[PDB]
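Q:
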Amino acid sequence: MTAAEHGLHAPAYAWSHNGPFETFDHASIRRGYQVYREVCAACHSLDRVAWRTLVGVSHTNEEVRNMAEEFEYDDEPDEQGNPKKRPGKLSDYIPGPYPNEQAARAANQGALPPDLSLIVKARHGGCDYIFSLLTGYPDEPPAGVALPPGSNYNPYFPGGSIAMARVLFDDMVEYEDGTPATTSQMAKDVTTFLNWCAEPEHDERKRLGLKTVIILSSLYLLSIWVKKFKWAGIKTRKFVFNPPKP
Amino acid sequence: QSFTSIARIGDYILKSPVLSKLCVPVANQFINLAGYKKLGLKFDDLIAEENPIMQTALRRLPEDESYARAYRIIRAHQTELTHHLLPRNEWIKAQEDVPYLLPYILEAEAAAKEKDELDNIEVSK
Amino acid sequence: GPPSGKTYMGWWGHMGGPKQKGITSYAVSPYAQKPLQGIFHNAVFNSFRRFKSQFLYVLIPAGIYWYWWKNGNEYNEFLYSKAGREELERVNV
Amino acid sequence: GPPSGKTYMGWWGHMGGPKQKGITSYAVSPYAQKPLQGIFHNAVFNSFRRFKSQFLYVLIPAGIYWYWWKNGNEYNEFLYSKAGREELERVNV
Amino acid sequence: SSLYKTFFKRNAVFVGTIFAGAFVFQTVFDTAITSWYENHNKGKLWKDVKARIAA
Amino acid sequence: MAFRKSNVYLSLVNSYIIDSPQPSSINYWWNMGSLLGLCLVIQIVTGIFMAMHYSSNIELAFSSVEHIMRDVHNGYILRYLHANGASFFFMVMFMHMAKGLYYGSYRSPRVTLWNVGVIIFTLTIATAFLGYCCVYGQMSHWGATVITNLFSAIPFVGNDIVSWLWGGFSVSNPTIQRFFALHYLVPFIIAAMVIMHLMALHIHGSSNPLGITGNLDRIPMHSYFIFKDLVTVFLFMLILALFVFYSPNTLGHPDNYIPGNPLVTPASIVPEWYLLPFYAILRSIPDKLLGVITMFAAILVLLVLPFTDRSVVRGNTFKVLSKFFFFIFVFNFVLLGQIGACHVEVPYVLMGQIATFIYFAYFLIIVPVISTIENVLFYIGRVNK
Amino acid sequence: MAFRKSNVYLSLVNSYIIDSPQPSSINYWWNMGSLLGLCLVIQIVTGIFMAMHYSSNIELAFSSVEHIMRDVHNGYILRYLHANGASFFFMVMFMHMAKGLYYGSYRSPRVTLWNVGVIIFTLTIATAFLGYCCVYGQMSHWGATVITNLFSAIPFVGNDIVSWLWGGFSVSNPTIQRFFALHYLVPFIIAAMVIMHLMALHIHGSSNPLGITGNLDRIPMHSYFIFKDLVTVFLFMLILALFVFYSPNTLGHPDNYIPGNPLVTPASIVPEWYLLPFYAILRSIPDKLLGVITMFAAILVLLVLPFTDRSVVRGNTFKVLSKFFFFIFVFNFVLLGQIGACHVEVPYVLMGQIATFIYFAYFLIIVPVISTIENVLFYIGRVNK
Ligand code: HEC
Ligand code: HEC
Ligand code: HEC
Ligand code: HEC
Ligand code: HEC
Ligand SMILES: COc1c(O)c(C)c(C/C=C(\C)CC/C=C(\C)CC/C=C(/C)CC/C=C(\C)CC/C=C(\C)CCC=C(C)C)c(O)c1OC
Ligand SMILES: COc1c(O)c(C)c(C/C=C(\C)CC/C=C(\C)CC/C=C(/C)CC/C=C(\C)CC/C=C(\C)CCC=C(C)C)c(O)c1OC
Ligand SMILES: CCCCCCCC1=C(O)C(=O)c2scnc2C1=O
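In structure tokens form, the structure reads like this:
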């Protein structure tokens with residue numbers, strides 16, 4: 062199959078969370094959330110993430126409460142039956158930009174921006190892919206490529222023709238922690254935040270793993286020793302034959 | 003495959019000087035690569051015994067050969083479990099690797115084949 | 002209970018083997034043996050032996066299959082590159 | 002197989018009973034017997050016998066329980082009617 | 004090893020002493036691991052990020 | 001006698017696990033069986049606990065698995081254990097099967113033992129597949145579509161059996177719900193089949209690496225093999241642990257983290273790694289009917305081995321030509337798997353076709369021919385007349 | 001020997017169903033066992049087919065059962081069969097149990113046989129109850145609430161076990177979904193337990209109405225009892241048919257055709273008819289803890305019978321005092337059931353309390369006293385000195 066069809070192979074960036082003993086970088090998760098809210102949320106939903114899961118991860122209980130209340134959700138009908146709204150609470154799920162699939166396509170040339178809740182696990186390449194796609198838009202497509210109207214070229218995307226334009230540009234976000242918001246810094250951040258969205262158990266899973274692997278390793282070594290001891294009588298056993306007379 | 007059949011083919015090759023000089027040297031090389039001799043076994047010790055022909059054969063085998071087969075088999079299992087081979091001076095020599103059970107196996111097969119033949123004989127008037 | 006069918010294995014005391022005689026076994030308690038540590042110096046050069054006799058039966062068939070795979074793969078890569086788009090139209094349909 | 006525990010039942014040929022002698026049984030093939038229709042005239046008045054000996058053991062305990070139930074029920078009905086609202090306040094709490 | 008013969012004296016360790024030791028192990032081990040783990044990732048955790056924040 | 005011998009229930013345990021006479025020389029290849037029982041338990045236990053939080057409705061299936069992943073305490077451990085466990089179940093089964101092939105375990109008097117094992121293998125494939133469909137991801141939907149369509153190949157009624165299996169016009173809500181019900185049922189049939197497997201094993205006992213009788217020197221299952229089994233049980237757990245905690249999705253497909261879509265089939269479909277060799281065989285036949293028949297035959301051909309093995313000795317331990325060809329067969333199987341992961345393109349299609357030929361030829365041509373030749377070689381190398 | 005004897009699998013069938021030596025005199029009371037196996041099959045089969053269309057979510061459970069009733073072809077037959085089958089399962093079990101009580105089947109050497117049977121009875125009660133909760137009607141919800149709360153009686157941790165069992169603040173979506181998962185599991189445990197029951201029965205064989213040995217005159221299970229079993233199997237089916245087609249809801253409760261409501265408990269709650277005797281016992285003790293302990297004891301007391309029966313002969317066939325009291329016990333049990341269907345009102349509460357006393361006194365006082373007296377009567381009626 063032609064390279065253009067498979068797509069350019071994403072290289073291996075040194076993510077701080079790569080490695081058996083490494084946790085996510087929560088500061089990066091925090092920043093990433095801002096990039097998602099200020100840039101991505103305009104077209105991408107995050108349906109599977111609940112406000113409460115942000116508490117103690119990237120924001121305080123108070124901060125998340127304020128964020129959730131800026132949005133309205135359908136409340137239970139009043140004493141008379143007429144519908145009524147209500148501010149958001151921690152139990153709710155982060156709302157999306159569109160009310161349905163049809164309106165989502167209408168606002169995007171007919172394309173459907175997928176939900177980003179599992180995006181990192183739903184693509185070969187994971188973080189390396191998402192980052193590479195975001196920072197890999199060339200100013201001009203390679204010579205000879207007949208790019209369809211309304212499309213964009215990106216080498217990392219299969220077939221090269223993607224319906225999402227470049228959306229990250231230097232300093233389009235004012236990082237609350239002071240960090241220089243370069244396009245690569247922002248891509249590096251959202252991706253980390255998107256990895257957490259898909260694998261919230263990450264940090265904990267690796268801690269439990271370290272305990273599990275130490276016990277089982279020890280048990281394995283110990284069993285060998287016990288087995289050899291229990292077998293020593295059979296192993297060193299010796300025979301002698303003395304032909305019986307007729 | 004019956005031993006009667008193995009013998010037919012093997013004997014035909016063994017008699018003709020054309021094949022006899024071509025094959026035997028290959029067969030001898032095969033037997034050494036098999037390595038059963040390094041475990042103190044004779045080829046006949048390796049024959050699968052779970053069938054009537056082999057049970058009849060082992061039953062007719064004289065006492066002294068039987069006790070010897072027993073010692074060879076036990077000795078083999080013990081060496082195998084230790085993941086070693088016997089010291090070279092204990093290996094079965096080619097002169098020793100004789101088909102001692104074969105004559106009993108062939109006798110039983112003929113007896114068996116005859117019965118099969120007789121139980122099914124047709125009659126022409 | 003109901004009568005049982007004849008098998009090729011019995012149980013302790015009537016296993017089904019031939020009558021044994023002349024063979025004498027000897028053994029020493031695992032308790033009186035050297036604690037597991039002597040499986041070196043005496044049992045190290047002896048080891049790995051049971052794979053020097055076998056690796057050929059595994060390596061050759063492996064080698065054969067690895068080269069066959071590598072060959073067909075490199076050919077595929079060529080066929081779908083620019084240089085091979087001509088031969089691709091030949092072997093394809 | 003492994004040795005089995007002693008029971009109070011064996012199998013055909015060694016059931017576990019005492020040695021029998023002197024007893025002689027006789028039987029006639031079901032094929033040579035009168036087709037099922039003779040279970041009347043000769044086997045009708047004889048029947049129902051195995052319940053004329055038992056019904057008392059069933060009837061008395063039944064009777065006892067039926068009257069006990071009927072009594073308590075009729076009492077309940079009275080207690081919750083108008084006539085018994087007075088006695089109801091007495092036995093209730 | 005005479006270190007063994009002082010506590011158990013030529014006998015094996017009994018279930019009770021095994022179960023008791025298991026309960027002790029479970030707590031000690033978990034603290035040792037959580038500690039080493041958090042120290043290895045110092046600067047990346049929420050604890051560390053919360054300090055650099057003031058609201 | 002001892003209580004373990006006299007009690008009605010304990011004697012069963014005693015005869016199968018404690019006093020069972022084992023051939024003194026069996027090696028670690030004989031440890032796969034117990035490992036298979038362990039796998040069966042791990043699959044049943046983790047499955048029941050997840051069933052407590054799972055919804056089979058087509059509109060909720062995918063999200064209920066996400067619910068197990070995000071909200072259920074220790075939920076991700078349960079799912080990754082169940083999922084990675086299925087893979088480990090097949091890795092161990094292939095080794096169990098290969099061990100049997102190499103040592104002539106399928107030979108008389110263990111034919112019944114071998115045939116019941118083939119049935120178990122089929123039931124396991126069916127079970128894992130049904131479980132795969134319960135996630136209702138992209139791969140799930142198309143797999144449910146392809147496998148059920150496999151039946152349309154039957155002449156006349158075929159398309160009917162299919163609409164029946166679906167319970168409608170296509171893979172929909174009646175499909176996934178019946179698949180869940182079925183995924184829960186089959187594992188208990190495997191358990192019963194595993195008991196029959198063990199009953200058949202008990203009448204003649206285990207074979208050994210020398211291929212000859214074990215009746216002259218046996219040692220009790222209890223102590224020796226109980227403790228030897230423990231060694232591989234722990235090693236098995238260590239490795240499974242590494243995947244579950246450190247690399248939970250390496251043996252899965254990213255497309256399954258995308259909800260099933262009736263209108264779009266993924267641009268690149270790669271089935272479960274343990275089905276790849278069969279997927280390649282299917283793909284290699286440019287005819288619908290013949291394609292499915294040859295695939296099913298790839299499994300049923302295992303039944304032929306007791307008859308085509310013409311040898312007079314059991315096993316490949318002392319057989320030069322058989323050992324060599326045994327490995328050609330093994331690596332040919334791996335190759336078939338590699339072909340299955342590639343696109344239907346030029347060098348691959350022909351390679352797939354030849355590998356398929358080789359696979360069937362091993363059972364029907366190579367084994368009978370080679371075993372006959374080896375029989376003769378063994379004879380003429382010692383007879384002096 | 002015959003193939004049915006030599007084959008590893010067929011010999012099991014031969015020894016249990018074909019050549020099994022039966023006492024020539026057993027009567028139709030010995031036909032309940034096979035009827036119990038049949039019931040177990042009918043429950044499992046109809047259950048799996050309905051599981052294909054059932055949704056365990058609390059918002060869909062009730063409607064999915066209605067969906068089975070209205071849309072699934074032959075759906076109502078499946079539900080009415082499953083539902084009415086559970087009742088028939090208990091009618092037959094009580095007769096199986098009563099038969100054992102009357103003939104001293106629980107006596108040595110069949111104690112193990114009797115104890116395994118008690119375990120099965122408990123597992124069956126648990127199974128039917130879980131199934132009852134899956135309908136999620138009004139009775140379902142409150143039953144799930146009451147039975148799970150039964151555990152709060154345990155001191156200290158009791159209320160914890162309960163919130164654990166619920167998986168939340170109250171009987172909710174985590175409850176009903178785990179109950180469905182569990183309802184599917186338990187029947188297969190009963191099956192395994194039924195096999196152990198049969199193994200225990202096989203070592204000493206069936207008893208007979210005379211209470212003495214059967215070793216002097218046995219006849220093969222095959223033909224005689226296979227065909228006699230057929231007689232009651234058909235009679236059993238005829239009667240079940242009458243309820244399923246002509247009166248499907250007579251053994252159910254109208255309140256279960258009303259969706260469960262967390263805020264309202266029905267004004268009149270009457271549990272399943274086969275649980276009524278136990279419901280009455282519970283209600284008769286004005287203390288929470290003692291109430292649940294006495295109810296559980298009503299079942300466990302069955303274990304005591306092999307020790308309190310002081311007689312020297314097995315069974316009540318030749319015993320005047322024992323037959324009489326046996327029936328007092330039977331009708332006392334029915335009475336307890338009738339009390340359970342009434343309101344906690346005046347004549348009933350005291351009647352319930354006395355009946356409960358009588359129930360326990362039968363096992364602990366009446367049987368040992370009466371059997372001793374009968375032993376002596378038997379002696380002094382023949383010894384002349
Ligand atoms: C609307 C103007 C968008 C904004 C702002 C961002 N995205 Fe987007 N995205 C959009 C569309 C229309 C599509 C569909 C592309 C197609 O050809 O199907 C997408 C897609 C993605 C994807 C998935 C790509 C894939 O591999 O299939 C990713 C990973 C993605 N978008 C990420 C992303 C992020 C992180 C953004 C903020 C930095 C972002 N998008 C903004 C439309 C729009
Ligand atoms: C109800 C009990 C239950 C049993 C018994 C069970 N499973 Fe599952 N299985 C499930 C459920 C629920 C899921 C869906 C959750 C999930 O994806 O893991 C599942 C999913 C699966 C999957 C998909 C894994 C994935 O990628 O998510 C496979 C494969 C599987 N089962 C294999 C097996 C095998 C093989 C066995 C038994 C030998 C088995 N299961 C027994 C309940 C069960
Ligand atoms: C999944 C398989 C399955 C098995 C196995 C099964 N059931 Fe059920 N059962 C169900 C389902 C689904 C329902 C809900 C539908 C219904 O109400 O009938 C149910 C409901 C019930 C009910 C409620 C009946 C009613 O009024 O609607 C009872 C009682 C019951 N089962 C008893 C049993 C008993 C007793 C057994 C076995 C001995 C059993 N079940 C085995 C699936 C099963
Ligand atoms: C296609 C074949 C096949 C399959 C699949 C199979 N078995 Fe076996 N099994 C065998 C054979 C043949 C033997 C006899 C091995 C010998 O003695 O050489 C055996 C032996 C065993 C043993 C004895 C110890 C050993 O490993 O040799 C156990 C335990 C066992 N199997 C368990 C299982 C379980 C559990 C499963 C799967 C759920 C299974 N088997 C599936 C063929 C199979
Ligand atoms: C509490 C007791 C108890 C329960 C419940 C029980 N059994 Fe039994 N069972 C017995 C006893 C005791 C016998 C011995 C009868 C005799 O020979 O007198 C018996 C005998 C049998 C028999 C032999 C034929 C007969 O009816 O006497 C079968 C078959 C059987 N039981 C099946 C079952 C099945 C199936 C179940 C339920 C799923 C069951 N039993 C539940 C006590 C019980
Ligand atoms: C002749 O040679 C042999 C040999 O014979 C044997 C037996 C072994 C040893 C290995 C085995 C015996 C393997 C056997 C495995 C099995 C019998 C597995 C049976 C499988 C099952 C899945 C059992 C079913 C389990 C359940 C129904 C219960 C699980 C569910 C539970 C507990 C739910 C609990 C719920 C709540 C709410 C708490 C050898 O190693 C061997 O080598 C030489
Ligand atoms: C000594 O005295 C005896 C005596 O011993 C016996 C045995 C009997 C005869 C009675 C019996 C043997 C009863 C036995 C009953 C059982 C063994 C029942 C076992 C129960 C089960 C539930 C088996 C489990 C079934 C399944 C897993 C399969 C069902 C499901 C299916 C087929 C789903 C199919 C799906 C699709 C999509 C088509 C007597 O009458 C007797 O009297 C004197
Ligand atoms: C023994 C049965 C082997 C199963 C072969 C079917 C393999 C198979 C396909 O052929 C296919 O087209 C798709 S699309 C999604 N999954 C699959 C899959 O598993």
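From first to last, the protein sequence lines stand for chains D, G, H, H', I, C and C'. A prime marks a further copy of an entry chain.
All residue numbers for the first sequence refer to the authors' numbering, where the first residue is 62 and numbers rise by one.
All residue numbers for the second sequence refer to the authors' numbering, where the first residue is 3 and numbers rise by one.
All residue numbers for the third sequence refer to the authors' numbering, where the first residue is 2 and numbers rise by one.
All residue numbers for the fourth sequence refer to the authors' numbering, where the first residue is 2 and numbers rise by one.
All residue numbers for the fifth sequence refer to the authors' numbering, where the first residue is 4 and numbers rise by one.
All residue numbers for the sixth sequence refer to the authors' numbering, where the first residue is 1 and numbers rise by one.
All residue numbers for the seventh sequence refer to the authors' numbering, where the first residue is 1 and numbers rise by one.
Using N, Cα and C, we set each Cβ at its ideal position, and we do this for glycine too.
(1) Within 7 Å of any Cβ in chain H, is that where the Cβ of H':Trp67 sits?
(2) For C:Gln338, does the three-state DSSP call read helix, strand or coil?
(3) Alpha carbon to alpha carbon, how far is C':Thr175 from C':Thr127?
(4) State yes or no: is the C-beta of C':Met221 nearer than 6 Å to some heavy atom of ligand 5?
(5) Where does C:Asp19 fall in DSSP's three states?
(6) Provide the residue(s) that pair with D:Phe300 in DSSP beta bridges, ordered along the chain.
(7) What are the partner residues of D:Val116, as DSSP defines its beta bridges?
(8) What did DSSP end up calling C:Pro259 once you bin it into helix, strand or coil?
(9) DSSP puts D:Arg147 in a beta bridge; with which residues?
(10) Counting only beta-carbon separations shorter than 7 Å, does G:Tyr73 have a partner in chain D?
(11) By the 10 Å Cβ neighbour count, where 16 or more other Cβ atoms means buried, how is I:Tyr7 classified, buried or exposed?
(12) Could you name the residues of chain C' that H':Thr8 contacts, counting a contact when the two beta carbons are closer than 9 Å?
(13) Measuring CA to CA, which of H:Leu89, H:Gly18, H:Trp12 and H:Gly6 is closest to C:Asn215?
(14) Answer with yes or no whether the minimum CB distance from D:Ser279 to chain C is below 7 Å.
(15) By the criterion of Cβ-Cβ separation under 7 Å, what are the contact partners of C:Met52 in chain C'?
(16) DSSP state of D:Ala111, grouped into three classes?
(17) What residues of chain G sit near D:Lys296, judged by a beta carbon separation below 8 Å?
(18) Using a Cβ-Cβ cut-off of 7 Å, state whether G:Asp99 counts as contacting chain C.
(19) Would a check of beta-carbon distances place H:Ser5 closer than 7 Å to chain D?
(20) Got a sec: which bits of the region 60-76 of chain C sit with their beta carbon under 7 Å from any beta carbon on chain D, in order along the chain?
(21) Strictly below 7 Å CB to CB, what residues from chain C' border C:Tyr184?
(22) Going by CA-CA distance only, name the one from C:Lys319, C:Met221 and C:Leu377 that's closest to H:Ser54.
(23) I want to verify the contact list: residues of chain D whose CB lies under 9 Å from the CB of G:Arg77, in sequence order.
(24) Can you give me the C-alpha to C-alpha distance between C:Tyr184 and C':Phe49, rounded to a whole angstrom?
A: On the basis of the data shown:
(1) Along the fourth sequence, one-based indexing puts residue 67 of chain H' at 66. Taking Cβ atoms only, chain H never reaches closer than 7 Å to H':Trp67, which makes this a no.
(2) As a position in the sixth sequence, residue 338 of chain C is number 338, starting the count at 1. Helix.
(3) As a working note, residue 175 of chain C' is residue 175 in the seventh sequence. As a working note, residue 127 of chain C' is residue 127 in the seventh sequence. So the two alpha carbons sit approximately 15 Å from each other.
(4) Here the question's residue 221 of chain C' lines up with position 221 in the seventh sequence. Not under cutoff, so the answer is no.
(5) In the sixth sequence, residue 19 of chain C corresponds to position 19, counting from 1. C:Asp19: coil per DSSP, three-state reduction.
(6) For the purposes of this step, residue 300 of chain D is taken as residue 239 along the first sequence, with counting starting at 1. DSSP, once it has assigned bridges, lists H:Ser26 as partnering D:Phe300.
(7) Within the first sequence, numbered from 1, the residue matching residue 116 of chain D stands at position 55. According to DSSP, D:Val116 bridges with D:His120.
(8) As a working note, residue 259 of chain C is residue 259 in the sixth sequence. Residue state, collapsed to three classes: strand.
(9) Position 86 of the first sequence holds residue 147 of chain D. In DSSP, D:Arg147 forms a bridge with D:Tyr134.
(10) Within the second sequence, numbered from 1, the residue matching residue 73 of chain G stands at position 71. Yes, G:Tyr73 counts as interfacial toward chain D.
(11) Translated into positions along the fifth sequence, residue 7 of chain I becomes position 4. That one is exposed.
(12) On the fourth sequence, residue 8 of chain H' is found 7 positions in, with the first residue counted as 1. Here the neighbours are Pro109, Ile203, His204 and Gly205.
(13) Start at 1 with the first residue of the sixth sequence, and residue 215 of chain C comes out as number 215. Nearest option by C-alpha distance: H:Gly18.
(14) Taking the first sequence and counting its residues from 1, the one referred to as residue 279 of chain D is at position 218. Not closer than 7 Å to any Cβ of chain C, the Cβ of D:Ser279 fails to qualify, so no.
(15) Indexing the sixth sequence from 1 puts residue 52 of chain C at position 52. Neighbours of C:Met52 on chain C', chain order: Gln177, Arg178 and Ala181.
(16) Walking along the first sequence from the start, residue 111 of chain D turns up at place 50. Strand, per DSSP.
(17) For the purposes of this step, residue 296 of chain D is identified with residue 235 of the first sequence, where counting begins at 1. The answer, in chain order, is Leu83 and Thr84.
(18) Translated into positions along the second sequence, residue 99 of chain G becomes position 97. Yes - at least one Cβ of chain C is within 7 Å of the one on G:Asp99.
(19) Translated into the one-based positions of the third sequence, residue 5 of chain H becomes position 4. So no, H:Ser5 is outside the interface.
(20) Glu66, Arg70 and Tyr76
(21) The sequence position of residue 184 of chain C within the sixth sequence is 184, counting from 1. Near C:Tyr184 (Cβ distances below 7 Å), the residues of chain C' are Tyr184.
(22) Here the question's residue 54 of chain H lines up with position 53 in the third sequence. Among C:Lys319, C:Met221 and C:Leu377, the Cα nearest to that of H:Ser54 belongs to C:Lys319.
(23) Residue 77 of chain G sits at position 75 when you count from the first residue of the second sequence. Correct list: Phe300 and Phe302.
(24) Residue 184 of chain C sits at position 184 when you count from the first residue of the sixth sequence. Residue 49 of chain C' sits at position 49 when you count from the first residue of the seventh sequence. C-alpha separation (whole angstroms): 12 Å.
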